[PDB]
$ cat input_32.cif   # mmCIF, N, CA and C atoms
data_my_file
#
loop_
_atom_site.group_PDB
_atom_site.id
_atom_site.type_symbol
_atom_site.label_atom_id
_atom_site.label_comp_id
_atom_site.auth_asym_id
_atom_site.auth_seq_id
_atom_site.Cartn_x
_atom_site.Cartn_y
_atom_site.Cartn_z
ATOM 1 N N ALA C 9 115.461 94.821 99.760
ATOM 2 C CA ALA C 9 114.753 96.061 100.183
ATOM 3 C C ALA C 9 113.451 96.196 99.400
ATOM 4 N N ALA C 10 112.384 96.586 100.093
ATOM 5 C CA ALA C 10 111.084 96.754 99.454
ATOM 6 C C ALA C 10 110.989 98.132 98.808
ATOM 7 N N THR C 11 109.866 98.399 98.146
ATOM 8 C CA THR C 11 109.653 99.686 97.492
ATOM 9 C C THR C 11 108.213 100.148 97.679
ATOM 10 N N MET C 12 108.030 101.458 97.796
ATOM 11 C CA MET C 12 106.700 102.022 97.985
ATOM 12 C C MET C 12 105.744 101.489 96.922
ATOM 13 N N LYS C 13 106.271 101.255 95.728
ATOM 14 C CA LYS C 13 105.457 100.750 94.635
ATOM 15 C C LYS C 13 104.946 99.352 94.948
ATOM 16 N N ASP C 14 105.825 98.509 95.469
ATOM 17 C CA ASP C 14 105.450 97.145 95.788
ATOM 18 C C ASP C 14 104.318 97.135 96.797
ATOM 19 N N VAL C 15 104.360 98.073 97.732
ATOM 20 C CA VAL C 15 103.330 98.157 98.755
ATOM 21 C C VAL C 15 101.961 98.365 98.115
ATOM 22 N N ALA C 16 101.909 99.230 97.109
ATOM 23 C CA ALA C 16 100.651 99.513 96.430
ATOM 24 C C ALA C 16 99.989 98.216 95.988
ATOM 25 N N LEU C 17 100.793 97.288 95.486
ATOM 26 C CA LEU C 17 100.262 96.007 95.035
ATOM 27 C C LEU C 17 99.632 95.256 96.201
ATOM 28 N N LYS C 18 100.314 95.264 97.336
ATOM 29 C CA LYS C 18 99.820 94.572 98.518
ATOM 30 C C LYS C 18 98.493 95.162 98.974
ATOM 31 N N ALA C 19 98.399 96.489 98.941
ATOM 32 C CA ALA C 19 97.179 97.185 99.348
ATOM 33 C C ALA C 19 96.308 97.489 98.127
ATOM 34 N N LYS C 20 96.738 97.012 96.960
ATOM 35 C CA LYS C 20 95.987 97.238 95.728
ATOM 36 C C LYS C 20 95.506 98.682 95.650
ATOM 37 N N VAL C 21 96.392 99.607 95.996
ATOM 38 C CA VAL C 21 96.048 101.025 95.971
ATOM 39 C C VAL C 21 95.859 101.503 94.538
ATOM 40 N N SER C 22 96.970 101.716 93.846
ATOM 41 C CA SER C 22 96.921 102.177 92.462
ATOM 42 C C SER C 22 98.299 102.638 92.001
ATOM 43 N N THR C 23 98.643 102.289 90.768
ATOM 44 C CA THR C 23 99.932 102.669 90.198
ATOM 45 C C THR C 23 100.003 104.176 89.988
ATOM 46 N N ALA C 24 98.847 104.800 89.774
ATOM 47 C CA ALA C 24 98.794 106.243 89.568
ATOM 48 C C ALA C 24 98.907 106.994 90.895
ATOM 49 N N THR C 25 98.246 106.468 91.921
ATOM 50 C CA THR C 25 98.242 107.116 93.235
ATOM 51 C C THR C 25 99.664 107.306 93.757
ATOM 52 N N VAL C 26 100.353 106.202 94.008
ATOM 53 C CA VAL C 26 101.712 106.275 94.529
ATOM 54 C C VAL C 26 102.621 107.001 93.540
ATOM 55 N N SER C 27 102.267 106.949 92.265
ATOM 56 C CA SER C 27 103.059 107.613 91.240
ATOM 57 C C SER C 27 102.906 109.128 91.328
ATOM 58 N N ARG C 28 101.665 109.583 91.503
ATOM 59 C CA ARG C 28 101.380 111.011 91.612
ATOM 60 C C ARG C 28 101.592 111.499 93.038
ATOM 61 N N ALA C 29 101.605 110.570 93.984
ATOM 62 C CA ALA C 29 101.775 110.934 95.385
ATOM 63 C C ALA C 29 102.946 111.890 95.549
ATOM 64 N N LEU C 30 104.065 111.560 94.933
ATOM 65 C CA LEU C 30 105.249 112.397 95.046
ATOM 66 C C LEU C 30 105.081 113.670 94.223
ATOM 67 N N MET C 31 104.007 113.730 93.445
ATOM 68 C CA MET C 31 103.741 114.898 92.608
ATOM 69 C C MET C 31 102.658 115.776 93.224
ATOM 70 N N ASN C 32 101.536 115.162 93.579
ATOM 71 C CA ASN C 32 100.432 115.899 94.171
ATOM 72 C C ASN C 32 99.382 114.939 94.738
ATOM 73 N N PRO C 33 99.522 114.535 95.978
ATOM 74 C CA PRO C 33 98.558 113.603 96.636
ATOM 75 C C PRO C 33 97.129 114.138 96.610
ATOM 76 N N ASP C 34 96.231 113.370 96.009
ATOM 77 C CA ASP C 34 94.828 113.766 95.933
ATOM 78 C C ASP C 34 93.977 112.647 95.332
ATOM 79 N N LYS C 35 94.493 111.416 95.370
ATOM 80 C CA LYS C 35 93.779 110.264 94.822
ATOM 81 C C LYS C 35 93.729 109.134 95.844
ATOM 82 N N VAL C 36 94.390 109.331 96.982
ATOM 83 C CA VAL C 36 94.416 108.309 98.028
ATOM 84 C C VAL C 36 93.271 108.529 99.010
ATOM 85 N N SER C 37 92.477 107.485 99.220
ATOM 86 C CA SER C 37 91.344 107.565 100.133
ATOM 87 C C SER C 37 91.827 107.744 101.565
ATOM 88 N N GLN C 38 91.046 108.463 102.360
ATOM 89 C CA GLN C 38 91.415 108.712 103.748
ATOM 90 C C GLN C 38 91.808 107.409 104.436
ATOM 91 N N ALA C 39 90.988 106.384 104.273
ATOM 92 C CA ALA C 39 91.284 105.099 104.894
ATOM 93 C C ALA C 39 92.587 104.531 104.332
ATOM 94 N N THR C 40 92.664 104.445 103.010
ATOM 95 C CA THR C 40 93.855 103.914 102.356
ATOM 96 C C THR C 40 95.051 104.829 102.597
ATOM 97 N N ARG C 41 94.765 106.086 102.913
ATOM 98 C CA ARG C 41 95.821 107.056 103.173
ATOM 99 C C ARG C 41 96.539 106.730 104.476
ATOM 100 N N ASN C 42 95.771 106.381 105.502
ATOM 101 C CA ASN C 42 96.351 106.043 106.796
ATOM 102 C C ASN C 42 97.119 104.724 106.726
ATOM 103 N N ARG C 43 96.562 103.765 105.997
ATOM 104 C CA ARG C 43 97.184 102.455 105.858
ATOM 105 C C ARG C 43 98.499 102.568 105.109
ATOM 106 N N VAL C 44 98.505 103.369 104.054
ATOM 107 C CA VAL C 44 99.711 103.549 103.267
ATOM 108 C C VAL C 44 100.805 104.184 104.117
ATOM 109 N N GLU C 45 100.447 105.244 104.829
ATOM 110 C CA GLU C 45 101.415 105.946 105.666
ATOM 111 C C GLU C 45 102.123 104.962 106.584
ATOM 112 N N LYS C 46 101.353 104.078 107.198
ATOM 113 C CA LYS C 46 101.921 103.081 108.097
ATOM 114 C C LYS C 46 102.729 102.044 107.320
ATOM 115 N N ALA C 47 102.215 101.655 106.157
ATOM 116 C CA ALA C 47 102.893 100.667 105.323
ATOM 117 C C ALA C 47 104.134 101.269 104.674
ATOM 118 N N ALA C 48 104.140 102.590 104.536
ATOM 119 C CA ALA C 48 105.274 103.284 103.936
ATOM 120 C C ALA C 48 106.489 103.230 104.863
ATOM 121 N N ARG C 49 106.242 103.322 106.163
ATOM 122 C CA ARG C 49 107.320 103.285 107.141
ATOM 123 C C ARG C 49 107.925 101.888 107.222
ATOM 124 N N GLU C 50 107.065 100.875 107.185
ATOM 125 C CA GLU C 50 107.520 99.494 107.274
ATOM 126 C C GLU C 50 108.626 99.224 106.258
ATOM 127 N N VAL C 51 108.422 99.689 105.033
ATOM 128 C CA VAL C 51 109.408 99.484 103.978
ATOM 129 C C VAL C 51 110.601 100.418 104.170
ATOM 130 N N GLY C 52 110.482 101.326 105.133
ATOM 131 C CA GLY C 52 111.560 102.265 105.427
ATOM 132 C C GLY C 52 111.530 103.447 104.470
ATOM 133 N N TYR C 53 110.855 103.263 103.339
ATOM 134 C CA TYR C 53 110.742 104.319 102.340
ATOM 135 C C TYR C 53 109.383 105.001 102.444
ATOM 136 N N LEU C 54 109.409 106.277 102.816
ATOM 137 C CA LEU C 54 108.196 107.077 102.940
ATOM 138 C C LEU C 54 107.920 107.834 101.645
ATOM 139 N N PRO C 55 108.950 108.262 100.943
ATOM 140 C CA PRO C 55 108.786 109.013 99.662
ATOM 141 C C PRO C 55 107.923 108.242 98.661
#

$ encode --input "input_32.cif" --output "C-alpha cells"
Amino acid sequence: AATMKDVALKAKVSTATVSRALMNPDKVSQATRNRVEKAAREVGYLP
C-alpha cells in the first residue's frame, strides 16, 4: 500500500506541505494542488 507521503516524493511537493495539509492547507500551489488531489485518490489515501 502506498502513502500520501510517498506521493509527495514523486511530485516533489514538500515534506512540510503534506505534513501541514492535515493541519492547515496553505502551502500547496494551485497547480500542484490539483495534481495532488488526483494523486491522493490513486493511493486510495486522501487524508

$ closest_residue --input "input_32.cif" --among "C:21, C:10, C:26, C:36" --to "residue 50 (chain C)" --atoms "only C-alpha atoms"
C:10

$ residues_around --input "input_32.cif" --residues "residue 13 (chain C)" --least-positions-apart "5" --cutoff "8 Å" --atoms "all atoms listed in the file" --output "CSV table (one decimal) with N, CA and C atoms, keeping the file's coordinate frame"
chain,number,residue,atom,x,y,z
C,18,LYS,N,100.3,95.3,97.3
C,18,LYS,CA,99.8,94.6,98.5
C,18,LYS,C,98.5,95.2,99.0
C,22,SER,N,97.0,101.7,93.8
C,22,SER,CA,96.9,102.2,92.5
C,22,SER,C,98.3,102.6,92.0
C,23,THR,N,98.6,102.3,90.8
C,23,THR,CA,99.9,102.7,90.2
C,23,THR,C,100.0,104.2,90.0
C,26,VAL,N,100.4,106.2,94.0
C,26,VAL,CA,101.7,106.3,94.5
C,26,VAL,C,102.6,107.0,93.5
C,27,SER,N,102.3,106.9,92.3
C,27,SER,CA,103.1,107.6,91.2
C,27,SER,C,102.9,109.1,91.3
C,55,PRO,N,109.0,108.3,100.9
C,55,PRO,CA,108.8,109.0,99.7
C,55,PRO,C,107.9,108.2,98.7

$ closest_residue --input "input_32.cif" --among "C:34, C:17, C:25, C:12" --to "residue 47 (chain C)" --atoms "all atoms listed in the file"
C:12

$ axis_aligned_box --input "input_32.cif" --around "region 19-24 of chain C" --padding-each-side "4 Å" --output "AutoDock Vina command-line options"
--center_x 97.8 --center_y 101.7 --center_z 94.5 --size_x 12.5 --size_y 18.5 --size_z 17.8

$ select_by_dssp --input "input_32.cif" --residues "chain C" --states "alpha helix (DSSP H)" --output "ChimeraX atom specification"
/C:12-18,23-29,38-50

$ atom_distance --input "input_32.cif" --atom1 "CA of residue 30 (chain C)" --atom2 "CA of residue 48 (chain C)"
12.7 Å

$ closest_residue --input "input_32.cif" --among "C:9, C:46, C:14, C:54" --to "residue 29 (chain C)" --atoms "only C-alpha atoms"
C:54

$ decode --input "input_32.cif" --residues "region 12-43 of chain C" --atoms "N, CA and C atoms" --output "mmCIF file, in the first residue's frame"
data_model
loop_
_atom_site.group_PDB
_atom_site.id
_atom_site.type_symbol
_atom_site.label_atom_id
_atom_site.label_comp_id
_atom_site.auth_asym_id
_atom_site.auth_seq_id
_atom_site.Cartn_x
_atom_site.Cartn_y
_atom_site.Cartn_z
ATOM 1 N N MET C 12 0.377 8.850 1.252
ATOM 2 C CA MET C 12 0.320 10.224 0.770
ATOM 3 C C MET C 12 1.710 10.850 0.790
ATOM 4 N N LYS C 13 2.514 10.457 1.769
ATOM 5 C CA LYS C 13 3.860 10.987 1.893
ATOM 6 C C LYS C 13 4.713 10.570 0.704
ATOM 7 N N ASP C 14 4.608 9.306 0.321
ATOM 8 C CA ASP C 14 5.390 8.796 -0.789
ATOM 9 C C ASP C 14 5.070 9.570 -2.053
ATOM 10 N N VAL C 15 3.806 9.935 -2.212
ATOM 11 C CA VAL C 15 3.383 10.677 -3.389
ATOM 12 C C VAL C 15 4.141 11.998 -3.485
ATOM 13 N N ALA C 16 4.295 12.669 -2.350
ATOM 14 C CA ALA C 16 4.994 13.948 -2.326
ATOM 15 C C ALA C 16 6.352 13.817 -3.000
ATOM 16 N N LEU C 17 7.033 12.708 -2.737
ATOM 17 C CA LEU C 17 8.344 12.481 -3.333
ATOM 18 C C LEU C 17 8.230 12.406 -4.850
ATOM 19 N N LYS C 18 7.216 11.697 -5.324
ATOM 20 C CA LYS C 18 7.008 11.543 -6.756
ATOM 21 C C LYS C 18 6.748 12.892 -7.413
ATOM 22 N N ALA C 19 5.947 13.721 -6.749
ATOM 23 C CA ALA C 19 5.618 15.050 -7.264
ATOM 24 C C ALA C 19 6.551 16.101 -6.659
ATOM 25 N N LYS C 20 7.523 15.646 -5.872
ATOM 26 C CA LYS C 20 8.475 16.557 -5.241
ATOM 27 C C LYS C 20 7.756 17.773 -4.672
ATOM 28 N N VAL C 21 6.631 17.526 -4.014
ATOM 29 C CA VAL C 21 5.847 18.610 -3.431
ATOM 30 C C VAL C 21 6.591 19.234 -2.258
ATOM 31 N N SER C 22 6.567 18.548 -1.124
ATOM 32 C CA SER C 22 7.243 19.041 0.073
ATOM 33 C C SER C 22 6.812 18.245 1.300
ATOM 34 N N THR C 23 7.776 17.940 2.159
ATOM 35 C CA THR C 23 7.502 17.186 3.378
ATOM 36 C C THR C 23 6.653 18.008 4.339
ATOM 37 N N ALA C 24 6.777 19.331 4.257
ATOM 38 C CA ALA C 24 6.007 20.217 5.123
ATOM 39 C C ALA C 24 4.569 20.363 4.624
ATOM 40 N N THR C 25 4.416 20.461 3.307
ATOM 41 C CA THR C 25 3.093 20.645 2.708
ATOM 42 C C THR C 25 2.144 19.522 3.118
ATOM 43 N N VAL C 26 2.456 18.304 2.701
ATOM 44 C CA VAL C 26 1.603 17.166 3.022
ATOM 45 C C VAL C 26 1.520 16.975 4.534
ATOM 46 N N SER C 27 2.550 17.413 5.242
ATOM 47 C CA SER C 27 2.570 17.286 6.692
ATOM 48 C C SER C 27 1.584 18.253 7.338
ATOM 49 N N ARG C 28 1.577 19.496 6.853
ATOM 50 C CA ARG C 28 0.675 20.517 7.376
ATOM 51 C C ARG C 28 -0.694 20.421 6.718
ATOM 52 N N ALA C 29 -0.753 19.753 5.574
ATOM 53 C CA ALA C 29 -2.011 19.624 4.849
ATOM 54 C C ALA C 29 -3.125 19.188 5.788
ATOM 55 N N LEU C 30 -2.853 18.178 6.592
ATOM 56 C CA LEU C 30 -3.860 17.671 7.513
ATOM 57 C C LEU C 30 -4.056 18.641 8.672
ATOM 58 N N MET C 31 -3.205 19.658 8.740
ATOM 59 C CA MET C 31 -3.292 20.650 9.809
ATOM 60 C C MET C 31 -3.929 21.941 9.305
ATOM 61 N N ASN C 32 -3.409 22.458 8.198
ATOM 62 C CA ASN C 32 -3.931 23.688 7.628
ATOM 63 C C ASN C 32 -3.360 23.922 6.226
ATOM 64 N N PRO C 33 -4.002 23.407 5.206
ATOM 65 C CA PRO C 33 -3.540 23.572 3.795
ATOM 66 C C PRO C 33 -3.398 25.041 3.404
ATOM 67 N N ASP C 34 -2.194 25.422 3.003
ATOM 68 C CA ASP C 34 -1.936 26.797 2.587
ATOM 69 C C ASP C 34 -0.520 26.943 2.028
ATOM 70 N N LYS C 35 0.077 25.823 1.613
ATOM 71 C CA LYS C 35 1.432 25.831 1.064
ATOM 72 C C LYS C 35 1.471 25.091 -0.268
ATOM 73 N N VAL C 36 0.341 24.504 -0.656
ATOM 74 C CA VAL C 36 0.268 23.761 -1.913
ATOM 75 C C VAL C 36 -0.176 24.679 -3.046
ATOM 76 N N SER C 37 0.611 24.706 -4.115
ATOM 77 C CA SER C 37 0.301 25.545 -5.265
ATOM 78 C C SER C 37 -0.962 25.052 -5.957
ATOM 79 N N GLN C 38 -1.718 25.982 -6.524
ATOM 80 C CA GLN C 38 -2.959 25.629 -7.203
ATOM 81 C C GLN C 38 -2.723 24.477 -8.175
ATOM 82 N N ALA C 39 -1.681 24.589 -8.982
ATOM 83 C CA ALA C 39 -1.379 23.535 -9.944
ATOM 84 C C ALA C 39 -1.053 22.234 -9.213
ATOM 85 N N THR C 40 -0.109 22.307 -8.282
ATOM 86 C CA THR C 40 0.294 21.130 -7.521
ATOM 87 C C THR C 40 -0.855 20.640 -6.646
ATOM 88 N N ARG C 41 -1.789 21.537 -6.358
ATOM 89 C CA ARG C 41 -2.940 21.190 -5.534
ATOM 90 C C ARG C 41 -3.866 20.239 -6.283
ATOM 91 N N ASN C 42 -4.097 20.523 -7.560
ATOM 92 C CA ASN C 42 -4.964 19.680 -8.373
ATOM 93 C C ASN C 42 -4.317 18.320 -8.635
ATOM 94 N N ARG C 43 -3.013 18.334 -8.881
ATOM 95 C CA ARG C 43 -2.277 17.108 -9.160
ATOM 96 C C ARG C 43 -2.264 16.207 -7.938
#
